[PDB]
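Q: Let me begin by handing over the structure; questions about it come next.
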Amino acid sequence: XXXXXXXXXXXXXXXXXXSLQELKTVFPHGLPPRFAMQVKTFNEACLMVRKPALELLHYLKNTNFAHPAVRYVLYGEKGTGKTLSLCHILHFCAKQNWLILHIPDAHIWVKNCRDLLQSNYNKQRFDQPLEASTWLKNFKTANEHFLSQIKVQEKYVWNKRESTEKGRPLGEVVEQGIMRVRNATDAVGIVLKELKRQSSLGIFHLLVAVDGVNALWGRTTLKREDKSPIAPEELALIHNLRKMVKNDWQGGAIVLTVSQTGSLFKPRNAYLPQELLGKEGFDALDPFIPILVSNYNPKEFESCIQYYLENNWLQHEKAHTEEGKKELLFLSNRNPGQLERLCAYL
Amino acid sequence: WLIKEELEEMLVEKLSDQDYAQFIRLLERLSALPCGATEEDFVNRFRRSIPXXXXXXXXXXXXXXXXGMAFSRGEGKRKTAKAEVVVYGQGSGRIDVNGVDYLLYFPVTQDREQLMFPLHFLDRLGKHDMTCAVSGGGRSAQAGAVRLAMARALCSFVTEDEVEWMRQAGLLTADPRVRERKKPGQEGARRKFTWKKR
Ligand SMILES: Nc1nc2c(ncn2[C@@H]2O[C@H](COP(=O)(O)OP(=O)(O)O)[C@@H](O)[C@H]2O)c(=O)[nH]1
Ligand SMILES: [Mg+2]
Ligand SMILES: [Mg+2]
């Protein structure tokens with residue numbers, strides 16, 4: 001299927017490609033691991049375009065940066081393809097030369113943190129250096145041009161012996177937060193608040209993409225040495241990140257996603273926004289655009305099969321028949337994540 | 001021919017196997033020649049007749065009043081698990097289980113394969129639309145019950161010939177296999193406490 005760049009309407013269910021340098025540039029952060037497999041396997045980065053992706057992109061074409069920050073939501077069944085329908089957006093508006101703030105899984109913040117550091121600067125907030133540092137190290141390669149341009153107007157204190165005073169390029173702040181890892185989180189929050197402050201200017205076009213928003217108000221796994229569980233409130237990273245969904249600001253766009261897979265305490269089958277977010281989440285999330293994500297339709301499906309045949313990735317003999325199509329259709333219920341797996345061993 | 005017990009009843013006489021055998025042997029000699037009228041009557045005395053019946057019983061279809069459409073409702077039962085499956089003759093391929101989709105209700109691939117069996121057999125895979133209610137037991141048991149119920153509800157919409165195929169595929173026959181009760185003084189109904197020679 002034929003393509004050039006992300007935005008075309010009639011190209012629904014066609015194959016968009018990107019380069020490897022385009023890939024290291026646009027997704028320094030994680031790309032969905034199954035798809036990183038796809039890419040490292042086929043040497044080619046390839047994708048198809050879906051009706052919700054089209055819809056979302058056309059909403060992003062009509063955007064007014066004078067208007068307050070607009071929230072979007074991608075919801076759907078497990079492995080229904082909602083995290084990649086985030087990346088479509090990502091490289092589109094990154095090729096439009098915007099600020100791309102991408103957190104691939106919020107859940108990695110709320111769960112499995114080796115080192116919980118206590119910081120009372122923020123009045124009982126905990127910082128997670130491991131995550132902060134990784135996130136910053138990707139964000140560096142994310143947007144390079146914009147990092148030297150931004151001039152932060154603030155005074156900031158890292159240490160008694162260390163400080164940075166206003167008139168500094170932002171990239172400086174970032175890489176100085178990476179070098180000294182213990183305070184990396186503080187620098188993350190700082191980068192964040194000043195990002196939102198500078199978004200008032202026409203220099204910042206901000207796309208804030210947080211996948212697994214449910215993590216923000218959800219119940220947390222991490223614990224104090226008293227065995228007492230800690231709120232999502234108590235996390236420096238999260239407390240600061242909620243501030244970035246708040247719709248208080250201009251020039252930005254926030255695309256969001258509600259996961260099942262990475263979540264905590266939620267049942268396996270709940271793909272509906274109000275469940276995953278809960279009361280606090282939904283309420284604190286304000287009017288948003290609830291974009292449903294669903295299974296491949298027949299056309300997208302025979303398209304996916306077309307594509308897999310094209311790469312000779314189906315190595316089974318009888319895979320070429322209409323028989324093979326009917327089998328894979330019925331076993332997958334033509335679900336993107338399911339078909340991915342049915343082909344992997346086929 | 002009569003059993004030994006039936007000749008014993010006919011003559012009001014205890015018999016021996018050898019004797020019975022001798023006689024029946026003689027009746028074969030009789031049948032071996034040209035058969036007269038009274039000859040045939042004579043051997044008819046010692047004749048009996050037996051029934052044999054094999055067909056999978058075919059339910060006439062049922063046309064629903066609401067859409068004016070025909071459906072067939074099957075019931076499978078396997079191993080603590082019963083399932084009921086209503087199959088609609090004009091489908092989108094939709095298959096619903098207990099009010100949720102079949103992919104979600106059988107995350108185990110194996111199960112979905114079991115489900116696929118009858119439909120892939122009869123090449124009807126997209127053609128039919130099924131509603132399903134299943135209860136009892138664990139997942140494989142359930143998927144198998146649905147297999148039986150479905151393959152039963154699929155013989156209204158199939159040809160009279162494909163039926164004998166589904167029999168020889170073993171789709172419509174229940175699974176007699178079930179758990180065997182532990183026995184007291186043993187372990188696992190078969191497994192025994194370790195036996196000691198000394
Ligand atoms: N061809 C194609 N594949 C996709 C697309 N979106 C997702 N996939 C694949 O389908 C799988 C499921 O997508 P994902 O967003 O991770 O589902 P999630 O687990 O519900 O978030 C991924 O491994 C992708 O490789 C798409 O737009 N086109
Ligand atoms: Mg996901
Ligand atoms: Mg045992």
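Starting from 1 in every chain, residues are counted up; chains themselves are A, B, ... following the order of the structure tokens, and ligands are numbered from 1 as listed.
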Mind listing as a list in words which residues of chain A are within 8 Å of chain B, counting only C-alpha atoms?
A: residues 269, 326, 327, 330, 331, 332 and 333 of chain A
Q: Enumerate residues in contact with ligand 1: an atom-to-atom distance of at most 8 Å, counting only C-alpha atoms and all ligand atoms. Format the result as JSON, numbers by chain.
A: {"A": [15, 32, 33, 34, 35, 36, 38, 46, 47, 48, 49, 50, 53, 76, 77, 78, 79, 80, 81, 82, 83, 84, 85, 86, 88, 259, 260, 261, 304, 335, 336, 337, 338, 339, 340]}
Q: Would you list the contacts of residue 144 (chain A) as a ChimeraX atom specification, taking every protein, DNA or RNA residue within 8 Å and counting only C-alpha atoms, but skipping same-chain residues closer than 4 positions in sequence?
A: /A:140,148,171
Q: Write the residues of the selection above to a file with N, CA and C atoms, as a PDB file, in the first residue's frame.
A:
```
ATOM      1  N   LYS A 140      16.570  14.152  25.735  1.00  0.00           N
ATOM      2  CA  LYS A 140      17.678  14.896  25.159  1.00  0.00           C
ATOM      3  C   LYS A 140      17.696  14.722  23.648  1.00  0.00           C
ATOM      4  N   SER A 148      18.572  24.441  22.890  1.00  0.00           N
ATOM      5  CA  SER A 148      19.489  25.578  22.965  1.00  0.00           C
ATOM      6  C   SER A 148      18.725  26.903  22.901  1.00  0.00           C
ATOM      7  N   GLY A 171      18.539  22.822  27.416  1.00  0.00           N
ATOM      8  CA  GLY A 171      19.356  21.626  27.271  1.00  0.00           C
ATOM      9  C   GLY A 171      20.413  21.512  28.354  1.00  0.00           C
TER      10      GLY A 171
END
```
Q: So how far away is CA of residue 342 (chain A) from CA of residue 144 (chain B), in Å?
A: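 Going from CA of residue 144 (chain B) over to CA of residue 342 (chain A) covers 21.5 Å.
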Q: Using only C-alpha atoms, which protein or nucleic acid residues come within 12 Å of residue 223 (chain A)? Drop anything in the same chain fewer than 4 positions from it, and give the result as a list in words.
A: residues 110, 111, 112, 113, 114, 115, 116, 117, 118, 126, 219, 227, 228, 229, 230, 231, 232, 234 and 235 of chain A
Q: Residues within 10 Å of ligand 3, counting only C-alpha atoms and all ligand atoms: report them as a list in words.
A: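 Counting only C-alpha atoms and all ligand atoms, the residues within 10 Å of ligand 3 come out as residues 182, 187, 188, 189, 190, 191 and 192 of chain B.
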Q: What is the distance between CA of residue 59 (chain A) and CA of residue 253 (chain A), in Å to one decimal?
A: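 Answer for the CA of residue 59 (chain A) to CA of residue 253 (chain A) separation: 10.5 Å.
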Q: Report as an mmCIF file with N, CA and C atoms, in the first residue's frame: the residues of chain B with a DSSP assignment of helix (DSSP H, G or I), based on the backbone of this structure.
A:
```cif
data_model
loop_
_atom_site.group_PDB
_atom_site.id
_atom_site.type_symbol
_atom_site.label_atom_id
_atom_site.label_comp_id
_atom_site.auth_asym_id
_atom_site.auth_seq_id
_atom_site.Cartn_x
_atom_site.Cartn_y
_atom_site.Cartn_z
ATOM 1 N N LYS B 4 -28.751 -69.824 23.330
ATOM 2 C CA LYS B 4 -28.875 -71.093 24.028
ATOM 3 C C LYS B 4 -30.037 -71.015 25.011
ATOM 4 N N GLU B 5 -30.172 -69.859 25.655
ATOM 5 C CA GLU B 5 -31.238 -69.653 26.626
ATOM 6 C C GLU B 5 -32.632 -69.725 25.995
ATOM 7 N N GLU B 6 -32.748 -69.325 24.737
ATOM 8 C CA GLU B 6 -34.051 -69.355 24.092
ATOM 9 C C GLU B 6 -34.470 -70.757 23.676
ATOM 10 N N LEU B 7 -33.515 -71.598 23.282
ATOM 11 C CA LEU B 7 -33.850 -72.991 22.998
ATOM 12 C C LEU B 7 -34.170 -73.687 24.315
ATOM 13 N N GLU B 8 -33.425 -73.333 25.358
ATOM 14 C CA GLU B 8 -33.721 -73.849 26.691
ATOM 15 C C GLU B 8 -35.134 -73.465 27.147
ATOM 16 N N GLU B 9 -35.594 -72.275 26.775
ATOM 17 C CA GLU B 9 -36.957 -71.872 27.104
ATOM 18 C C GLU B 9 -37.990 -72.608 26.240
ATOM 19 N N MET B 10 -37.695 -72.744 24.946
ATOM 20 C CA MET B 10 -38.588 -73.398 23.980
ATOM 21 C C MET B 10 -38.874 -74.868 24.297
ATOM 22 N N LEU B 11 -37.863 -75.590 24.777
ATOM 23 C CA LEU B 11 -38.039 -77.013 25.083
ATOM 24 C C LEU B 11 -38.304 -77.308 26.555
ATOM 25 N N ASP B 17 -23.873 -76.509 25.939
ATOM 26 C CA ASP B 17 -23.362 -75.714 24.837
ATOM 27 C C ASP B 17 -23.181 -76.574 23.611
ATOM 28 N N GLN B 18 -22.464 -77.678 23.788
ATOM 29 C CA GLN B 18 -22.217 -78.626 22.719
ATOM 30 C C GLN B 18 -23.502 -78.974 21.996
ATOM 31 N N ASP B 19 -24.559 -79.215 22.770
ATOM 32 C CA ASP B 19 -25.836 -79.646 22.217
ATOM 33 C C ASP B 19 -26.421 -78.554 21.341
ATOM 34 N N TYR B 20 -26.497 -77.361 21.912
ATOM 35 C CA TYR B 20 -26.951 -76.199 21.181
ATOM 36 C C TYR B 20 -26.198 -76.086 19.856
ATOM 37 N N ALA B 21 -24.875 -76.100 19.952
ATOM 38 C CA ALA B 21 -24.000 -75.963 18.803
ATOM 39 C C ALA B 21 -24.321 -77.018 17.756
ATOM 40 N N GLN B 22 -24.529 -78.243 18.216
ATOM 41 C CA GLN B 22 -24.864 -79.342 17.328
ATOM 42 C C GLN B 22 -26.105 -79.016 16.525
ATOM 43 N N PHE B 23 -27.120 -78.574 17.249
ATOM 44 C CA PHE B 23 -28.387 -78.285 16.623
ATOM 45 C C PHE B 23 -28.273 -77.193 15.571
ATOM 46 N N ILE B 24 -27.732 -76.047 15.971
ATOM 47 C CA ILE B 24 -27.606 -74.905 15.064
ATOM 48 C C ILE B 24 -26.832 -75.300 13.814
ATOM 49 N N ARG B 25 -25.776 -76.071 14.028
ATOM 50 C CA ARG B 25 -25.044 -76.693 12.945
ATOM 51 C C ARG B 25 -26.009 -77.417 11.992
ATOM 52 N N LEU B 26 -26.919 -78.195 12.575
ATOM 53 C CA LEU B 26 -27.890 -78.926 11.764
ATOM 54 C C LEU B 26 -28.807 -77.997 10.976
ATOM 55 N N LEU B 27 -29.201 -76.884 11.590
ATOM 56 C CA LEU B 27 -30.056 -75.916 10.903
ATOM 57 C C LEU B 27 -29.330 -75.242 9.743
ATOM 58 N N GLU B 28 -28.015 -75.106 9.862
ATOM 59 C CA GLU B 28 -27.233 -74.657 8.721
ATOM 60 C C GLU B 28 -27.299 -75.686 7.604
ATOM 61 N N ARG B 29 -27.175 -76.965 7.952
ATOM 62 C CA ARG B 29 -27.362 -78.009 6.934
ATOM 63 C C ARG B 29 -28.718 -77.890 6.231
ATOM 64 N N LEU B 30 -29.760 -77.591 7.006
ATOM 65 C CA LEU B 30 -31.109 -77.392 6.461
ATOM 66 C C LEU B 30 -31.192 -76.234 5.476
ATOM 67 N N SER B 31 -30.743 -75.061 5.909
ATOM 68 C CA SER B 31 -30.688 -73.906 5.022
ATOM 69 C C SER B 31 -29.840 -74.167 3.772
ATOM 70 N N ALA B 37 -41.733 -75.381 1.624
ATOM 71 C CA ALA B 37 -42.619 -74.499 2.396
ATOM 72 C C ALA B 37 -42.573 -74.774 3.908
ATOM 73 N N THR B 38 -42.864 -76.022 4.268
ATOM 74 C CA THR B 38 -42.858 -76.459 5.661
ATOM 75 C C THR B 38 -41.418 -76.466 6.192
ATOM 76 N N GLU B 39 -40.468 -76.637 5.275
ATOM 77 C CA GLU B 39 -39.046 -76.535 5.580
ATOM 78 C C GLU B 39 -38.733 -75.140 6.108
ATOM 79 N N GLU B 40 -39.206 -74.129 5.386
ATOM 80 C CA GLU B 40 -38.986 -72.746 5.773
ATOM 81 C C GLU B 40 -39.718 -72.398 7.064
ATOM 82 N N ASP B 41 -40.953 -72.872 7.216
ATOM 83 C CA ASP B 41 -41.685 -72.645 8.468
ATOM 84 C C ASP B 41 -40.902 -73.207 9.670
ATOM 85 N N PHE B 42 -40.442 -74.440 9.477
ATOM 86 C CA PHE B 42 -39.689 -75.178 10.474
ATOM 87 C C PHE B 42 -38.505 -74.374 10.991
ATOM 88 N N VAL B 43 -37.702 -73.845 10.075
ATOM 89 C CA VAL B 43 -36.529 -73.078 10.469
ATOM 90 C C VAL B 43 -36.926 -71.697 10.994
ATOM 91 N N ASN B 44 -38.119 -71.240 10.623
ATOM 92 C CA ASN B 44 -38.639 -69.983 11.147
ATOM 93 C C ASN B 44 -38.926 -70.069 12.634
ATOM 94 N N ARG B 45 -39.305 -71.255 13.117
ATOM 95 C CA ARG B 45 -39.491 -71.445 14.575
ATOM 96 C C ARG B 45 -38.267 -71.004 15.400
ATOM 97 N N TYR B 102 -15.939 -14.008 22.215
ATOM 98 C CA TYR B 102 -15.284 -15.296 22.381
ATOM 99 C C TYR B 102 -13.769 -15.209 22.518
ATOM 100 N N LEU B 103 -13.179 -14.123 22.049
ATOM 101 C CA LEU B 103 -11.741 -13.964 22.172
ATOM 102 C C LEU B 103 -11.389 -13.662 23.616
ATOM 103 N N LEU B 104 -12.268 -12.907 24.254
ATOM 104 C CA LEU B 104 -12.043 -12.418 25.601
ATOM 105 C C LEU B 104 -12.347 -13.503 26.625
ATOM 106 N N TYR B 105 -13.258 -14.394 26.254
ATOM 107 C CA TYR B 105 -13.707 -15.459 27.135
ATOM 108 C C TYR B 105 -12.852 -16.711 26.991
ATOM 109 N N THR B 109 -5.391 -19.786 23.423
ATOM 110 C CA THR B 109 -5.531 -19.997 21.991
ATOM 111 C C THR B 109 -6.150 -21.359 21.702
ATOM 112 N N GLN B 110 -5.669 -22.361 22.432
ATOM 113 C CA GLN B 110 -6.100 -23.734 22.240
ATOM 114 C C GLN B 110 -7.618 -23.818 22.204
ATOM 115 N N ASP B 111 -8.244 -23.136 23.150
ATOM 116 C CA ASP B 111 -9.690 -23.145 23.256
ATOM 117 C C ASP B 111 -10.353 -22.634 21.987
ATOM 118 N N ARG B 112 -9.893 -21.483 21.510
ATOM 119 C CA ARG B 112 -10.434 -20.892 20.291
ATOM 120 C C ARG B 112 -10.281 -21.858 19.115
ATOM 121 N N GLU B 113 -9.205 -22.642 19.115
ATOM 122 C CA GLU B 113 -9.030 -23.671 18.085
ATOM 123 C C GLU B 113 -10.106 -24.746 18.169
ATOM 124 N N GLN B 114 -10.296 -25.269 19.375
ATOM 125 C CA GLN B 114 -11.375 -26.218 19.625
ATOM 126 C C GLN B 114 -12.716 -25.692 19.106
ATOM 127 N N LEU B 115 -12.970 -24.416 19.368
ATOM 128 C CA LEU B 115 -14.185 -23.776 18.901
ATOM 129 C C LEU B 115 -14.250 -23.765 17.385
ATOM 130 N N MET B 116 -13.109 -23.458 16.781
ATOM 131 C CA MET B 116 -12.979 -23.347 15.339
ATOM 132 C C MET B 116 -13.239 -24.666 14.649
ATOM 133 N N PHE B 117 -13.087 -25.770 15.383
ATOM 134 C CA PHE B 117 -13.133 -27.081 14.734
ATOM 135 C C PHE B 117 -14.387 -27.345 13.878
ATOM 136 N N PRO B 118 -15.603 -27.331 14.468
ATOM 137 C CA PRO B 118 -16.765 -27.680 13.629
ATOM 138 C C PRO B 118 -16.941 -26.762 12.415
ATOM 139 N N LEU B 119 -16.800 -25.461 12.644
ATOM 140 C CA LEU B 119 -17.016 -24.463 11.604
ATOM 141 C C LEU B 119 -15.980 -24.573 10.483
ATOM 142 N N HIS B 120 -14.716 -24.782 10.841
ATOM 143 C CA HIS B 120 -13.671 -25.002 9.843
ATOM 144 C C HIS B 120 -13.887 -26.320 9.112
ATOM 145 N N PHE B 121 -14.552 -27.261 9.777
ATOM 146 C CA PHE B 121 -14.881 -28.543 9.165
ATOM 147 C C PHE B 121 -15.915 -28.350 8.064
ATOM 148 N N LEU B 122 -16.952 -27.584 8.377
ATOM 149 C CA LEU B 122 -18.079 -27.394 7.463
ATOM 150 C C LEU B 122 -17.949 -26.131 6.578
ATOM 151 N N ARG B 139 -11.583 -24.010 32.056
ATOM 152 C CA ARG B 139 -11.677 -23.443 30.719
ATOM 153 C C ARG B 139 -11.734 -24.468 29.588
ATOM 154 N N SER B 140 -10.853 -25.459 29.613
ATOM 155 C CA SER B 140 -10.815 -26.420 28.519
ATOM 156 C C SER B 140 -12.125 -27.178 28.462
ATOM 157 N N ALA B 141 -12.632 -27.555 29.630
ATOM 158 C CA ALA B 141 -13.916 -28.236 29.722
ATOM 159 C C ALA B 141 -14.999 -27.396 29.051
ATOM 160 N N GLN B 142 -14.962 -26.093 29.305
ATOM 161 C CA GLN B 142 -15.947 -25.193 28.734
ATOM 162 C C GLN B 142 -15.825 -25.151 27.218
ATOM 163 N N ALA B 143 -14.632 -24.857 26.714
ATOM 164 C CA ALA B 143 -14.397 -24.825 25.273
ATOM 165 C C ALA B 143 -14.875 -26.117 24.577
ATOM 166 N N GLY B 144 -14.721 -27.253 25.259
ATOM 167 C CA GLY B 144 -15.146 -28.539 24.718
ATOM 168 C C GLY B 144 -16.650 -28.715 24.734
ATOM 169 N N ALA B 145 -17.281 -28.235 25.794
ATOM 170 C CA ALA B 145 -18.726 -28.269 25.843
ATOM 171 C C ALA B 145 -19.284 -27.441 24.704
ATOM 172 N N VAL B 146 -18.709 -26.267 24.484
ATOM 173 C CA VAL B 146 -19.165 -25.435 23.385
ATOM 174 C C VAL B 146 -18.919 -26.144 22.067
ATOM 175 N N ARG B 147 -17.821 -26.890 21.975
ATOM 176 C CA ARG B 147 -17.561 -27.694 20.783
ATOM 177 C C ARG B 147 -18.733 -28.635 20.514
ATOM 178 N N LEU B 148 -19.079 -29.459 21.497
ATOM 179 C CA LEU B 148 -20.207 -30.378 21.346
ATOM 180 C C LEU B 148 -21.538 -29.673 21.012
ATOM 181 N N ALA B 149 -21.932 -28.695 21.823
ATOM 182 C CA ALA B 149 -23.188 -27.976 21.606
ATOM 183 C C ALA B 149 -23.272 -27.359 20.219
ATOM 184 N N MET B 150 -22.189 -26.708 19.805
ATOM 185 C CA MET B 150 -22.122 -26.067 18.500
ATOM 186 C C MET B 150 -22.252 -27.082 17.391
ATOM 187 N N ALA B 151 -21.421 -28.116 17.435
ATOM 188 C CA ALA B 151 -21.471 -29.163 16.421
ATOM 189 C C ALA B 151 -22.837 -29.849 16.385
ATOM 190 N N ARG B 152 -23.581 -29.771 17.484
ATOM 191 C CA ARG B 152 -24.941 -30.292 17.498
ATOM 192 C C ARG B 152 -25.919 -29.326 16.839
ATOM 193 N N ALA B 153 -25.755 -28.037 17.119
ATOM 194 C CA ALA B 153 -26.617 -27.012 16.544
ATOM 195 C C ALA B 153 -26.266 -26.724 15.085
ATOM 196 N N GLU B 160 -27.442 -33.676 4.878
ATOM 197 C CA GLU B 160 -27.631 -34.980 5.498
ATOM 198 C C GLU B 160 -26.381 -35.853 5.406
ATOM 199 N N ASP B 161 -25.530 -35.553 4.434
ATOM 200 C CA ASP B 161 -24.306 -36.311 4.230
ATOM 201 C C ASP B 161 -23.176 -35.895 5.171
ATOM 202 N N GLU B 162 -23.022 -34.592 5.381
ATOM 203 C CA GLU B 162 -21.953 -34.076 6.232
ATOM 204 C C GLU B 162 -22.112 -34.526 7.680
ATOM 205 N N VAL B 163 -23.332 -34.911 8.037
ATOM 206 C CA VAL B 163 -23.619 -35.432 9.365
ATOM 207 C C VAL B 163 -22.765 -36.664 9.703
ATOM 208 N N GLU B 164 -22.742 -37.656 8.817
ATOM 209 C CA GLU B 164 -21.963 -38.872 9.063
ATOM 210 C C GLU B 164 -20.474 -38.574 9.135
ATOM 211 N N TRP B 165 -20.076 -37.503 8.465
ATOM 212 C CA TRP B 165 -18.712 -37.026 8.556
ATOM 213 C C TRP B 165 -18.429 -36.494 9.964
ATOM 214 N N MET B 166 -19.304 -35.625 10.469
ATOM 215 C CA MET B 166 -19.128 -35.074 11.816
ATOM 216 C C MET B 166 -19.139 -36.174 12.869
ATOM 217 N N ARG B 167 -19.929 -37.218 12.635
ATOM 218 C CA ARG B 167 -19.839 -38.396 13.485
ATOM 219 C C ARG B 167 -18.437 -38.988 13.408
ATOM 220 N N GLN B 168 -17.969 -39.305 12.202
ATOM 221 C CA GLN B 168 -16.657 -39.942 12.072
ATOM 222 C C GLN B 168 -15.512 -39.003 12.441
ATOM 223 N N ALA B 169 -15.805 -37.709 12.515
ATOM 224 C CA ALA B 169 -14.855 -36.753 13.061
ATOM 225 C C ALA B 169 -14.961 -36.772 14.576
#
```
Q: Write out as a count of residues only all residues of region 134-300 of chain A that DSSP puts in strand (DSSP E) for this structure's backbone.
A: 26
Q: Excluding region 50-63 of chain B and residues on its chain fewer than 6 positions from it, collect all residues at most 6 Å away from it, counting only C-alpha atoms, and give them as a PyMOL selection string.
A: chain B and resi 69-72+156
